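For reference, run.pdb (PDB, C-alpha atoms (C1' of nucleotides) and all ligand atoms):
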ATOM      1  CA  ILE G 602     -43.015  20.473  16.194
ATOM      2  CA  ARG G 603     -44.853  20.922  12.893
ATOM      3  CA  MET G 604     -43.109  17.867  11.456
ATOM      4  CA  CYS G 605     -44.135  15.798  14.475
ATOM      5  CA  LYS G 606     -47.747  16.910  14.066
ATOM      6  CA  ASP G 607     -47.672  15.962  10.389
ATOM      7  CA  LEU G 608     -46.189  12.573  11.242
ATOM      8  CA  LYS G 609     -48.954  11.950  13.770
ATOM      9  CA  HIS G 610     -51.610  12.611  11.131
ATOM     10  CA  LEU G 611     -49.875  10.209   8.741
ATOM     11  CA  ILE G 612     -49.612   7.486  11.348
ATOM     12  CA  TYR G 613     -53.172   7.965  12.551
ATOM     13  CA  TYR G 614     -54.624   7.804   9.087
ATOM     14  CA  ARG G 615     -52.762   4.640   8.413
ATOM     15  CA  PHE G 616     -53.823   3.304  11.805
ATOM     16  CA  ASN G 617     -57.523   4.132  12.228
ATOM     17  CA  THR G 618     -58.520   2.380   9.016
ATOM     18  CA  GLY G 619     -60.634  -0.723   9.605
ATOM     19  CA  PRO G 620     -62.552  -1.705  12.742
ATOM     20  CA  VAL G 621     -60.345   0.485  14.952
ATOM     21  CA  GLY G 622     -61.753   3.903  15.770
ATOM     22  CA  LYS G 623     -60.616   7.252  17.177
ATOM     23  CA  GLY G 624     -59.292   5.852  20.439
ATOM     24  CA  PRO G 625     -56.017   6.770  22.100
ATOM     25  CA  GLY G 626     -54.586   3.282  21.677
ATOM     26  CA  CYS G 627     -52.053   3.958  18.898
ATOM     27  CA  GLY G 628     -48.474   4.209  20.041
ATOM     28  CA  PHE G 629     -45.958   4.096  17.179
ATOM     29  CA  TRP G 630     -43.304   6.367  18.505
ATOM     30  CA  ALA G 631     -40.376   5.764  16.140
ATOM     31  CA  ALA G 632     -40.839   8.750  13.802
ATOM     32  CA  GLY G 633     -41.074  11.435  16.488
ATOM     33  CA  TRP G 634     -38.185   9.777  18.324
ATOM     34  CA  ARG G 635     -36.165  10.074  15.103
ATOM     35  CA  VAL G 636     -37.128  13.755  14.739
ATOM     36  CA  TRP G 637     -36.107  14.715  18.260
ATOM     37  CA  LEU G 638     -32.803  12.837  18.054
ATOM     38  CA  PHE G 639     -31.922  14.653  14.818
ATOM     39  CA  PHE G 640     -32.824  17.885  16.609
ATOM     40  CA  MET G 641     -30.578  16.801  19.492
ATOM     41  CA  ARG G 642     -27.732  16.216  17.015
ATOM     42  CA  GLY G 643     -28.143  19.760  15.742
ATOM     43  CA  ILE G 644     -28.637  21.381  19.150
ATOM     44  CA  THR G 645     -25.745  19.651  20.970
ATOM     45  CA  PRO G 646     -22.854  22.010  19.860
ATOM     46  CA  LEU G 647     -24.890  25.202  20.249
ATOM     47  CA  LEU G 648     -25.939  24.312  23.794
ATOM     48  CA  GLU G 649     -22.389  23.139  24.533
ATOM     49  CA  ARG G 650     -20.971  26.508  23.441
ATOM     50  CA  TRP G 651     -23.696  28.425  25.295
ATOM     51  CA  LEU G 652     -23.273  26.554  28.577
ATOM     52  CA  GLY G 653     -19.493  26.763  28.242
ATOM     53  CA  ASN G 654     -19.793  30.537  27.894
ATOM     54  CA  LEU G 655     -22.170  30.595  30.879
ATOM     55  CA  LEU G 656     -19.729  28.618  33.046
ATOM     56  CA  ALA G 657     -16.794  30.736  31.884
ATOM     57  CA  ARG G 658     -18.645  33.923  32.812
ATOM     58  CA  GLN G 659     -19.649  32.350  36.130
ATOM     59  CA  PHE G 660     -16.093  31.366  37.067
ATOM     60  CA  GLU G 661     -13.718  33.686  35.184
ATOM     61  CA  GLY G 662     -16.011  36.664  35.684
ATOM     62  CA  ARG G 663     -17.439  39.081  33.155
ATOM     63  CA  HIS G 664     -15.051  41.196  31.108
ATOM     64  CA  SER G 665     -16.208  44.786  31.510
ATOM     65  CA  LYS G 666     -14.996  46.503  28.353
ATOM     66  CA  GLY G 667     -13.223  43.539  26.738
ATOM     67  CA  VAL G 668     -14.159  43.136  23.099
TER      68      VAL G 668
ATOM     69  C1'   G R   1      -1.068 -17.872   3.709
ATOM     70  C1'   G R   2      -5.998 -17.190  11.588
ATOM     71  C1'   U R   3     -10.376 -14.965  14.002
ATOM     72  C1'   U R   4     -12.481 -11.388  17.343
ATOM     73  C1'   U R   5     -11.854  -6.920  20.046
ATOM     74  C1'   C R   6      -9.497  -2.057  21.766
ATOM     75  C1'   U R   7      -6.491   2.252  20.802
ATOM     76  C1'   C R   8      -3.488   5.499  17.692
ATOM     77  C1'   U R   9      -1.827   7.578  12.847
ATOM     78  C1'   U R  10      -2.870   8.680   7.718
ATOM     79  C1'   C R  11      -5.931   9.170   3.266
ATOM     80  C1'   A R  12     -11.704   9.772   1.502
ATOM     81  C1'   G R  13     -12.104  12.609  -4.759
ATOM     82  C1'   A R  14     -18.239   6.838  -3.505
ATOM     83  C1'   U R  15     -25.856   8.204  -2.111
ATOM     84  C1'   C R  16     -18.397   9.022   2.163
ATOM     85  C1'   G R  17     -24.905   8.826   5.301
ATOM     86  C1'   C R  18     -30.506   4.433   0.116
ATOM     87  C1'   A R  19     -30.543   9.002   6.716
ATOM     88  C1'   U R  20     -30.417  14.097   7.824
ATOM     89  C1'   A R  21     -29.761  18.517  12.177
ATOM     90  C1'   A R  22     -27.758  23.196  13.836
ATOM     91  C1'   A R  23     -24.714  27.696  13.479
ATOM     92  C1'   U R  24     -21.990  32.171  10.989
ATOM     93  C1'   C R  25     -21.787  35.920   7.048
ATOM     94  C1'   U R  26     -24.012  38.540   2.685
ATOM     95  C1'   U R  27     -28.668  39.603   0.261
ATOM     96  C1'   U R  28     -33.807  39.170  -0.859
ATOM     97  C1'   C R  29     -38.861  38.444   1.443
ATOM     98  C1'   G R  30     -42.769  38.002   5.623
ATOM     99  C1'   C R  31     -44.019  39.652  10.879
ATOM    100  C1'   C R  32     -42.702  44.345  12.502
ATOM    101  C1'   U R  33     -41.953  50.493  17.726
ATOM    102  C1'   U R  34     -36.807  48.713  18.874
ATOM    103  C1'   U R  35     -33.204  44.122  20.233
ATOM    104  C1'   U R  36     -32.844  38.961  20.786
ATOM    105  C1'   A R  37     -35.820  34.939  19.584
ATOM    106  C1'   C R  38     -38.303  34.925  14.388
ATOM    107  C1'   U R  39     -40.509  33.755   8.716
ATOM    108  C1'   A R  40     -38.211  31.101   3.897
ATOM    109  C1'   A R  41     -35.385  31.320  -0.378
ATOM    110  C1'   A R  42     -30.382  31.873  -2.640
ATOM    111  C1'   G R  43     -25.016  31.955  -2.256
ATOM    112  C1'   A R  44     -20.449  31.456   0.525
ATOM    113  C1'   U R  45     -18.619  28.722   4.582
ATOM    114  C1'   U R  46     -18.402  25.726   9.491
ATOM    115  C1'   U R  47     -19.779  22.609  13.743
ATOM    116  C1'   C R  48     -22.049  18.171  15.347
ATOM    117  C1'   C R  49     -24.277  12.913  14.977
ATOM    118  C1'   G R  50     -22.264   9.158  12.208
ATOM    119  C1'   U R  51     -19.004   6.259   7.806
ATOM    120  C1'   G R  52     -15.171   3.872   4.292
ATOM    121  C1'   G R  53      -9.757   2.451   2.921
ATOM    122  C1'   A R  54      -4.672   1.684   4.492
ATOM    123  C1'   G R  55      -0.880   1.214   8.323
ATOM    124  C1'   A R  56       0.961   0.452  13.438
ATOM    125  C1'   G R  57       0.487  -1.249  18.498
ATOM    126  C1'   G R  58      -2.227  -4.076  22.387
ATOM    127  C1'   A R  59      -5.598  -8.008  24.466
ATOM    128  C1'   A R  60      -8.468 -12.782  24.254
ATOM    129  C1'   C R  61      -9.326 -17.169  21.703
ATOM    130  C1'   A R  62      -8.201 -21.777  17.513
ATOM    131  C1'   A R  63      -3.311 -22.709  17.292
ATOM    132  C1'   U R  64      -3.539 -24.742  12.865
ATOM    133  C1'   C R  65      -6.442 -22.830   8.813
ATOM    134  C1'   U R  66      -6.800 -21.063   3.445
ATOM    135  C1'   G R  67      -4.085 -21.828  -0.858
ATOM    136  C1'   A R  68      -1.289 -22.819  -6.019
ATOM    137  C1'   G R  69       0.791 -27.367  -7.432
ATOM    138  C1'   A R  70       3.364 -46.788 -30.493
ATOM    139  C1'   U R  71       2.289 -48.614 -34.199
ATOM    140  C1'   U R  72      -4.763 -49.139 -37.909
ATOM    141  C1'   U R  73      -4.749 -43.170 -43.015
ATOM    142  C1'   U R  74      -3.384 -36.441 -41.049
ATOM    143  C1'   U R  75       1.928 -35.603 -35.031
ATOM    144  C1'   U R  76       5.526 -40.858 -35.896
ATOM    145  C1'   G R  77       9.068 -44.875 -39.956
ATOM    146  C1'   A R  78       8.148 -46.026 -47.226
ATOM    147  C1'   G R  79      12.940 -46.915 -44.949
ATOM    148  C1'   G R  80      17.725 -47.660 -48.008
ATOM    149  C1'   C R  81      20.304 -47.677 -52.753
ATOM    150  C1'   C R  82      23.758 -46.588 -57.991
ATOM    151  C1'   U R  83      24.776 -42.535 -61.618
ATOM    152  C1'   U R  84      25.652 -36.783 -63.432
ATOM    153  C1'   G R  85      27.622 -31.459 -61.720
ATOM    154  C1'   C R  86      29.150 -29.467 -57.023
ATOM    155  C1'   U R  87      31.865 -31.741 -53.714
ATOM    156  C1'   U R  88      29.937 -26.609 -49.675
ATOM    157  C1'   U R  89      33.156 -34.191 -48.227
ATOM    158  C1'   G R  90      27.465 -33.780 -42.671
ATOM    159  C1'   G R  91      25.312 -33.956 -48.396
ATOM    160  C1'   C R  92      22.269 -30.642 -52.342
ATOM    161  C1'   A R  93      19.973 -30.528 -57.195
ATOM    162  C1'   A R  94      18.040 -34.605 -61.187
ATOM    163  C1'   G R  95      16.278 -41.210 -63.044
ATOM    164  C1'   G R  96      14.712 -45.961 -62.733
ATOM    165  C1'   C R  97      14.845 -48.919 -58.470
ATOM    166  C1'   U R  98      12.898 -51.552 -53.943
TER     167        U R  98
HETATM  168  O1  LIG G 701     -55.078  17.520  14.366
HETATM  169  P1  LIG G 701     -54.702  17.925  15.770
HETATM  170  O2  LIG G 701     -54.963  19.391  16.010
HETATM  171  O3  LIG G 701     -53.229  17.605  15.780
HETATM  172  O4  LIG G 701     -55.503  17.026  16.885
HETATM  173  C1  LIG G 701     -55.514  15.639  16.701
HETATM  174  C2  LIG G 701     -56.866  15.259  16.095
HETATM  175  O5  LIG G 701     -57.906  15.807  16.861
HETATM  176  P2  LIG G 701     -58.857  16.932  16.131
HETATM  177  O6  LIG G 701     -59.614  16.336  14.972
HETATM  178  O7  LIG G 701     -59.989  17.361  17.029
HETATM  179  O8  LIG G 701     -58.029  18.111  15.690
HETATM  180  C3  LIG G 701     -57.065  13.745  15.965
HETATM  181  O9  LIG G 701     -58.440  13.532  15.817
HETATM  182  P3  LIG G 701     -58.954  12.788  14.447
HETATM  183  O10 LIG G 701     -59.452  13.784  13.433
HETATM  184  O11 LIG G 701     -57.801  12.160  13.707
HETATM  185  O12 LIG G 701     -60.008  11.766  14.787
HETATM  186  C4  LIG G 701     -56.596  12.887  17.155
HETATM  187  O13 LIG G 701     -57.715  12.616  17.950
HETATM  188  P4  LIG G 701     -58.225  11.055  17.997
HETATM  189  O14 LIG G 701     -57.481  10.261  19.039
HETATM  190  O15 LIG G 701     -59.643  10.981  18.504
HETATM  191  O16 LIG G 701     -58.090  10.425  16.633
HETATM  192  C5  LIG G 701     -55.478  13.439  18.059
HETATM  193  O17 LIG G 701     -55.796  13.088  19.378
HETATM  194  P5  LIG G 701     -54.621  12.373  20.279
HETATM  195  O18 LIG G 701     -53.260  12.889  19.893
HETATM  196  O19 LIG G 701     -54.890  12.590  21.745
HETATM  197  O20 LIG G 701     -54.488  10.907  19.958
HETATM  198  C6  LIG G 701     -55.235  14.958  18.048
HETATM  199  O21 LIG G 701     -55.999  15.553  19.064
HETATM  200  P6  LIG G 701     -55.195  16.400  20.225
HETATM  201  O22 LIG G 701     -54.576  17.640  19.632
HETATM  202  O23 LIG G 701     -56.099  16.736  21.381
HETATM  203  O24 LIG G 701     -54.150  15.560  20.911
END
Turn this file's structure into structure tokens for me.
Amino acid sequence: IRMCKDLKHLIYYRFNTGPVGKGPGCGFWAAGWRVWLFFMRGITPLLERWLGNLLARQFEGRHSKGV
RNA sequence: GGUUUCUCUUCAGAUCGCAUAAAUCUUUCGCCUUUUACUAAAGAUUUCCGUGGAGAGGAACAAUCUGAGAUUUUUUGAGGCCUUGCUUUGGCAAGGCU
């Protein structure tokens, strides 16, 4: 989130330079899109393992003593 | 001595990736009632998103294509001839010849 905020500042202070002002008209979404896809690369196996454990506890049942 | 595409197997020691996430363990910090979820540095490992080389099989298209392959100076007649020793009998070593 912090990286995205920093990127926005960078983009805005390369955008609002000449006659353009502080309007909401700047949409240059490639950098934040890159950041959230690299996050999604990292968060795919962790969420896969977590939801697999959730489904296995939902269907196989919870081991009482177990480990 | 074809291209394109799909799948499988094997090897990566190249910035395998002119990009970059996450997790585990051991310690140091910070926040701090306690536990997750946390802070950010190191080390040891992993997973994931991708990649390169080689081989094999399949499918669709061009059906070949791409190759490798002489006289006029200095590289051709200034060529033949008797004698002495050896003849090693194809001639060698020495003289005036043309
Ligand atoms: O720095 P942030 O906290 O991330 O807020 C910014 C900032 O607004 P603030 O100055 O008030 O903090 C920008 O403003 P500028 O200084 O660059 O002019 C910009 O606002 P502008 O559109 O007017 O440039 C942008 O706004 P937005 O993302 O809507 O485009 C956004 O403000 P927000 O946090 O409200 O979104």
Inset, instruction - For residue 47 in chain R, list every protein, DNA or RNA residue within 9 Å, evaluated using only C-alpha atoms (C1' of nucleotides), and leave out those in the same chain fewer than 3 positions away; present the list as a ChimeraX atom specification. - result: /G:646-647 /R:22-23
Inset, instruction - Go through G:652, G:605, G:623, G:612 and flag the residue nearest ligand LIG 701 (chain G), using only C-alpha atoms and all ligand atoms for the distances. - result: G:623
Legend entry - Contacts of ligand LIG 701 (chain G), 10 Å or closer, all atoms listed in the file, given as a PyMOL selection string: chain G and resi 603+605-614+616-617+622-628
Inset, instruction - List the residues selected by the PyMOL selection byres ((chain G and not hetatm) within 6 of (chain R)) in the file shown, writing them as a ChimeraX atom specification. - result: /G:639-640,642-644,646
Write out the residues from the selection above, keeping C-alpha atoms, as a short mmCIF file (atom, residue, chain, number, x, y, z; two decimals), keeping the file's coordinate frame.
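Result file follows (part29.cif):
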data_model
loop_
_atom_site.label_atom_id
_atom_site.label_comp_id
_atom_site.auth_asym_id
_atom_site.auth_seq_id
_atom_site.Cartn_x
_atom_site.Cartn_y
_atom_site.Cartn_z
CA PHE G 639 -31.92 14.65 14.82
CA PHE G 640 -32.82 17.89 16.61
CA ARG G 642 -27.73 16.22 17.02
CA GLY G 643 -28.14 19.76 15.74
CA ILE G 644 -28.64 21.38 19.15
CA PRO G 646 -22.85 22.01 19.86
#
Legend entry - Gap from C1' of residue 66 in chain R to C1' of residue 4 in chain R - Å, one decimal: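 Distance reported for this atom pair: 17.9 Å.
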Hey, could you pull the box centre and edge lengths for range 648-652 of chain G, axis-aligned, 6 Å padding per side, all listed atoms, to one decimal in Å, as lines of an AutoDock Vina configuration file?
center_x = -23.5
center_y = 25.8
center_z = 26.0
size_x = 17.0
size_y = 17.3
size_z = 17.1
Inset, instruction - List the neighbours of residue 11 in chain R out to 12 Å using only C-alpha atoms (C1' of nucleotides); skip same-chain residues closer than 5 positions along the sequence, and give me the result as a list in words. - result: residues 52, 53, 54 and 55 of chain R
Inset, instruction - Decode the PyMOL selection byres (((chain R and resi 3) around 9) and not hetatm) for the given file into explicit residues and return them as a PyMOL selection string. - result: chain R and resi 2+4+61-62
Inset, instruction - Figure out the distance between CA of residue 641 in chain G and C1' of residue 24 in chain R, please, to one decimal in Å. - result: 19.6 Å
Inset, instruction - Using only C-alpha atoms (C1' of nucleotides), give me every residue within 12 Å of (-22.1, 35.9, 5.0) in file coordinates, as a PyMOL selection string. - result: chain R and resi 24-27+42-46
Legend entry - Point-to-point distance from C1' of residue 96 in chain R to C1' of residue 84 in chain R, Å rounded to tenths: 14.3 Å
Inset, instruction - For the structure provided, state which residues fall under the PyMOL selection byres (((chain R and resi 67-79) around 12) and not hetatm), and present them as a ChimeraX atom specification. - result: /R:1,65-66,80-81,98
Inset, instruction - For residue 56 in chain R, please output as a ChimeraX atom specification all residues within 12 Å (counting all atoms listed in the file; exclusion window: fewer than 3 positions along the same chain). - result: /R:7-10
